[PDB]
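The chain below stands alone and is given as structure tokens, in the form deposited in one PDB entry.
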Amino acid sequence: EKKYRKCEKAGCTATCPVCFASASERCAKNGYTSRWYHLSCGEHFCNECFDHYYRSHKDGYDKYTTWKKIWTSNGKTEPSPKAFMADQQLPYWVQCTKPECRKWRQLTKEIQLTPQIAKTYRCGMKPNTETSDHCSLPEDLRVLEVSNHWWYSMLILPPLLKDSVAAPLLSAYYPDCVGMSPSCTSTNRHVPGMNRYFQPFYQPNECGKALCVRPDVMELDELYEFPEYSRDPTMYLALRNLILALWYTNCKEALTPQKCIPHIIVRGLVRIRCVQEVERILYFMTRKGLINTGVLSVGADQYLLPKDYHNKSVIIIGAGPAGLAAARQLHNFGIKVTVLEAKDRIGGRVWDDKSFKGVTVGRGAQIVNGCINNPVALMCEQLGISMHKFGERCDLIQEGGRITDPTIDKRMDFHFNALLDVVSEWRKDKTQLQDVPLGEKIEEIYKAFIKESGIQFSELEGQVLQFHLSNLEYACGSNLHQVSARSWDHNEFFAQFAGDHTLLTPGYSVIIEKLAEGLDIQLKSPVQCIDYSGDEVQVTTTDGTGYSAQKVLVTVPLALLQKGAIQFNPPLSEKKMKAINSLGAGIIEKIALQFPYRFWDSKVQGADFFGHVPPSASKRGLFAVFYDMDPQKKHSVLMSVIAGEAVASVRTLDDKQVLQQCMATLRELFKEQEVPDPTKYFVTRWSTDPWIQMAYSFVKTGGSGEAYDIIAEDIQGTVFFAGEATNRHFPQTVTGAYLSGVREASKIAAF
């Protein structure tokens, strides 16, 4: 039998392979063997130790055969002596936890690495236990080899993590397909204590859930950033999944490399590569706003990105959700940020009234549509505040006081949705130039349906159909004759936020105020001119005050871009202006009313809301739904909404006149009983608020959902745009505005 002292692998860098296993009595140690089996450039085992586990007549056979059965029934990865060695016998490596040392040390071969050892190890210490003489000793020369790409090229098998925090969430997958060891009994065993709104991973073959990630497939931007994992994403996926599991396990503190490291358990020098890589992936995911986000705050010298990203300055225009999200992100990253806000307050279309006894009443936004993976739900968790999931019951009460039978409600809802299905079919073969107003198409289809079918609706059924029409006008922010039939629901092409629809009972202002805390925000500083013709951006407010920065982020409402209230030099492009003008500045208003007692309790019986059947088409959208603003049923505040054509009818009414129409409406809805006078109220005027002039965007006839992407496109890597009218997947909402700010901070930090 011929024996060799060199590695089996052509080009291996080990000039003298030594056996890490020493499992056989005849282990070749550092000498000659019939084959030196290669795991990495630094790790080899001799043929005697190979046979020790592999051959049926040898001592190690039962342990290998036992491992092999577990491996093949739990994973898709082939068993082999090399796979066994890497999973069960290869020694562990650990970093000294002395902060000024951090050197990599090999543990003796019977020590099994735990998070506790990784948190407490110091050079030369017996694991699980004075002078720093041992720290000065050089690292094993194989340690430095690991930081080269060629070392990864020469590693024969991907690493497989043990006891990953992500494993309880991934039991539907083969563990090795997500970078976890099939032999782990804890991996192969609702995550207790994890917020039920945090569902970061798609289940197999699952789609259609906003902000979920496939645990078994890399996304294109991950591959662009880490092309070394394109052939085999195993090792990247385990680290990214681990990072996400750790972040959602404790979203109230910054997830750092040092916090991840004890949770990376895997044998061999590859652990060094895993620890180096998890730090790079963490910064990539931090920049993108996937972790270390929300209302997390850092102190100075505790910034979330390394000093490389810090050498920038930004001016942010507008302190609503999008602007404050960008400002918080960039500030946390370590980038200089100044926020210029036109009004005397922050929040934009978030504006909460705190003067009603016992409740908080939003003048603007207050609902969260779809809490699962929603950053608003994350921020509620971070702040320790609760949302109220809406109940389904909403009786449609008529003027005169009768309650509409629920089968009428459902039947006319059925007919209305069927009208929308015909629009959905009609538009399939239509170009933008062939677009038609949604409301016009609905009316045409309805009239054809009546003529064709001969059906005769009662007056009440027709009024209930008007109710459902007004709900769609509310959702679009407009009468439907301005809304695109092709594009009105364009964003539903994309995965939407699943789960509960809630009332944010403490109000979005709590989140707004925490985002803004400690930031440099200039109030009463409306921007008039943005000049990016020079080496730095020059921003001038209406009183002549100048600000400068390398980059500028514009988050003003769609209506203010349409009016051109800010002059741009050089001007916005024709293509950008066409997109801006293709979207509609939708609008609703709100009224809130406080009463001496809950006069509606006997009739409404604890429902979250009740509907108002419009008595005529001229009154469609006028107080269509009344919201009980105390889910705990103690205080007496109702809120109602003005939508569609009704917005134009209240434009020329003062607040007292609107209040009078609302009280006359309520006394009709509760005709059979007494209704007390309200003791406090507000009527919103968003449509004439000079720096807002809207509630939320929609696509106008002839427009495309692509307009949202076009408005979001940066100019020259210098002028950036965020805001609800820049979020194609998630238009209109505080959530989409927030995410658009996170998106732009990511773009800005990448330079």
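Think of the rigid core as the biggest set of C-alphas that the two forms share within 1.5 Å after superposition. In this text, residue numbers run from 1 along the sequence as written.
Trainee: Do a third or more of the other compared PDB entries fail to give coordinates for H190?
Mentor: Yes, left without coordinates in at least a third.
Trainee: Taking only the other compared entries that model residues on either side of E672, decide whether it is unmodelled in at least a third of them.
Mentor: Result for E672: never missing in the compared entries.
Trainee: Should the segment between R189 and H190 be described as having none, 1 to 3, 4 to 9, or 10 or more unmodelled residues of the deposited sequence?
Mentor: Count of unmodelled residues in between: 10 or more.
Trainee: Unmodelled stretch from the deposited sequence between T129 and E130, which bin: none, 1 to 3, 4 to 9, 10 or more?
Mentor: Per the deposited record, the segment joining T129 and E130 lacks coordinates for 4 to 9 residues.
Trainee: Output the stretch having the higher mean C-alpha B factor in the entry; the candidates are 446-454 and 492-500.
Mentor: Result of the comparison: 446-454.
Trainee: Decide which of the stretches 394-402 and 104-112 has the higher mean C-alpha B-factor, going by the entry.
Mentor: Per the PDB record, 104-112.
Trainee: In terms of recorded Cα temperature factor, pick the maximum from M194, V275, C380, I367.
Mentor: By C-alpha B-factor in the record, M194 ranks first.
Trainee: Out of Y696, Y708, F682, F50, which shows the largest CA B-factor listed in the entry?
Mentor: Result of the comparison over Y696, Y708, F682, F50: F50.
Trainee: For the chain shown, is the CA B-factor of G60 in the lowest, middle or highest third of its modelled residues?
Mentor: Tercile = highest for this residue's CA B-factor.
Trainee: Hey, what third does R667 fall into on Cα B-factor, ranked over its chain?
Mentor: Lowest third - that is where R667 ends up once the chain's C-alpha B-factors are sorted.
Trainee: Please place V719 in the lowest, middle or highest third of its chain according to the CA B-factor in the PDB entry.
Mentor: Its C-alpha B-factor, which the entry lists for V719, ranks in the lowest third among residues of this chain.
Trainee: Determine, from the deposited record, the chain-internal third of the Cα B-factor for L653: lowest, middle or highest.
Mentor: For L653, whose C-alpha B-factor we compare with every modelled residue in the chain, the answer is the middle third.
Trainee: By the record's CA B-factor, is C7 among the lowest, middle or highest third of residues in the chain?
Mentor: Highest third, going by the recorded CA B-factors of the chain.
Missing here is the form deposited in another entry; even so, the following discussion is about that form.
Trainee: Given a rigid core superposition of the two forms, which one of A516, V625, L107, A254 has its CA shift by 2 angstroms or more between this form and the one not shown?
Mentor: Among the listed residues, the one whose C-alpha moves by 2 Å or more is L107.
Trainee: Comparing between this form and the one not shown on the rigid core, is the C-alpha shift at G717 2 Å or larger?
Mentor: No, its C-alpha moves less than 2 Å.
Trainee: With both forms fitted on the core, check whether the Cα of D51 differs by 2 Å or more between this form and the one not shown.
Mentor: Superposed on the core, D51 moves its C-alpha 2 Å or more between this form and the one not shown.
Trainee: Taking the rigid core as the superposition reference, indicate whether the CA of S136 shifts 2 angstroms or more between this form and the one not shown.
Mentor: Yes, its C-alpha moves 2 Å or more.
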